[PDB]
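Novice: heads up, no residue letters with this:
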């Protein structure tokens, strides 16, 4: 659950986020929308397709 046999954490792993916490809360309330609406769009049917095709066209050369 914690890679690296030397994790100090506590006031050291988040001490860096405490600075972004003030930003994320701002750029993390209206930015996730587009991201998703854009992710589940070009990252839902695109990967599957390009993936499926790469197995139908790659299995040979091009449109058999």
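Specialist: Nice, I can see it. Numbering: from 1, shown residues only.
Novice: could you pull out the helices in the chain for me?
Specialist: 21-27, 31-42, 46-56 (DSSP state H).
Novice: turn those into CSV, including distance to residue 64 and mean neighbour count.
Specialist: Heads up, the C-betas are built off the backbone N, CA and C, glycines and all. As requested, the helices of the chain are exported to CSV (distance: least, CB to CB, whole Å; neighbours: other CB atoms under 10 Å):
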stretch, distance to residue 64, mean neighbour count
helix 21-27, 48, 10
helix 31-42, 28, 10
helix 46-56, 9, 10
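Novice: how about the ones you listed in JSON lines, adding distance to residue 3?
Specialist: Shown next, in JSON lines, are the helices of the chain (distance: least, CB to CB, whole Å):
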{"stretch": "helix 21-27", "distance to residue 3": "23"}
{"stretch": "helix 31-42", "distance to residue 3": "26"}
{"stretch": "helix 46-56", "distance to residue 3": "27"}
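Novice: and of those, who's closest to residue 13?
Specialist: Nearest to residue 13 among those is helix 21-27 (13.2 Å), distances taken as CB to CB.
Novice: quick check, central residue of the protein?
Specialist: Compute the mean C-alpha point of the chain, and by CA atoms, centre = their mean the closest residue is residue 39, 8.8 Å away.
Novice: so who does that one touch?
Specialist: Listed by CB atoms under 8 Å, 6 or more residues apart in numbering, residue 39 has no contact partners.
Novice: how near is it to residue 46?
Specialist: According to CB to CB, to the nearest Å, residue 39 stands 10 Å off from residue 46.
Novice: try residue 4
Specialist: For residue 4, the distance to residue 46 - CB to CB - is 35 Å.
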